[PDB]
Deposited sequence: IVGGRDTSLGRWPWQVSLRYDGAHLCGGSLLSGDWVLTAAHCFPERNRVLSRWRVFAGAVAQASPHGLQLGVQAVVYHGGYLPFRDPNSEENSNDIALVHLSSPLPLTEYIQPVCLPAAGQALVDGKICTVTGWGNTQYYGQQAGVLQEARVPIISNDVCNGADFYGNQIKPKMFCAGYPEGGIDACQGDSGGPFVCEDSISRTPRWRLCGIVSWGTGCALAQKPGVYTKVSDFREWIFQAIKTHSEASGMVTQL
């Protein structure tokens, strides 16, 4: 995350770190004590030996001895993710559930029919680089960025027709604050009170962008509302699966 700030424990309790052989590769969001929602691109050919992945939760410093680390039983990725950029989403089932505490809590999904509000300012968090040619963050960072319309983002001066219907852009035309390398798979959450209580919902999954924080090259996210049914089905269908599975 470029242009963000250090956050504290308990603020973003659904944020987890996905590590492969020790290194933080992607971010993810807890949907329950045992299911994490992240991006499908985090699992290329070379990183599909589940025994080499760990999920780190409940701490904002990567080297906290107080965070918990659990294994992975299965990864269900979207079979329409042609690289294997639309459909860049996957679910990770932990071998056992995380306890839910004041530091570990799941995030909600958008309600049925709930649409994205262009211009609304949401938060994006992660341990990715704080500068493109920089190092990952040691302490989890948070940044507030607005949703940009597709009419603007697909304009020739931004991503000239590369934003497809199930993804959206968020950022400042001016650049300066954005997600970056190492934030992939992480949460883009917006808060609302439609359930009469303020709750944070996962509206996007950090997917890609050109460079980081450049003006007119905002970050692109997977639009979670468009995959609600894919998520409900995947969890019903594969709760007992082990390995890499694909669902369309």
What's missing from the model if you number the deposited sequence from 1?
85-91
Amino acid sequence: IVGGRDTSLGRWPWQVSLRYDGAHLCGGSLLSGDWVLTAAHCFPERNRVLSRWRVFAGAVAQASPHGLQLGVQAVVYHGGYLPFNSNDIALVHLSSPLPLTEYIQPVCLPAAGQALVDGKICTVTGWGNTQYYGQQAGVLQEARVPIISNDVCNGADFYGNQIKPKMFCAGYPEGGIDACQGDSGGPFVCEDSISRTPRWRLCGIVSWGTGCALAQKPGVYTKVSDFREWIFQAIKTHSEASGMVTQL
From here on, numbers count along this sequence of modelled residues.
The stretch whose C-alpha atoms carry the larger average B-factor in the entry, 45-53 or 206-214, is 45-53
Tell me which stretch, 59-67 or 34-42, has the higher mean Cα B-factor listed in the entry.
59-67
Given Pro173, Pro146, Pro106, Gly128, identify the residue with the highest C-alpha B factor in the PDB entry.
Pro173
In terms of recorded Cα temperature factor, pick the maximum from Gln141, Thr123, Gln114, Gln162.
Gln162
Thinking about Cα B factors across the chain, which third does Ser29 belong to?
lowest
C-alpha B factor of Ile235, ranked within the chain: lowest, middle or highest third?
highest
Lowest, middle or highest third - CA B-factor, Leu9
middle
Lowest, middle or highest third: where is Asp88 by Cα B-factor in its chain?
lowest
If you rank every modelled residue in this chain by C-alpha B factor, which third holds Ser195: lowest, middle or highest?
middle
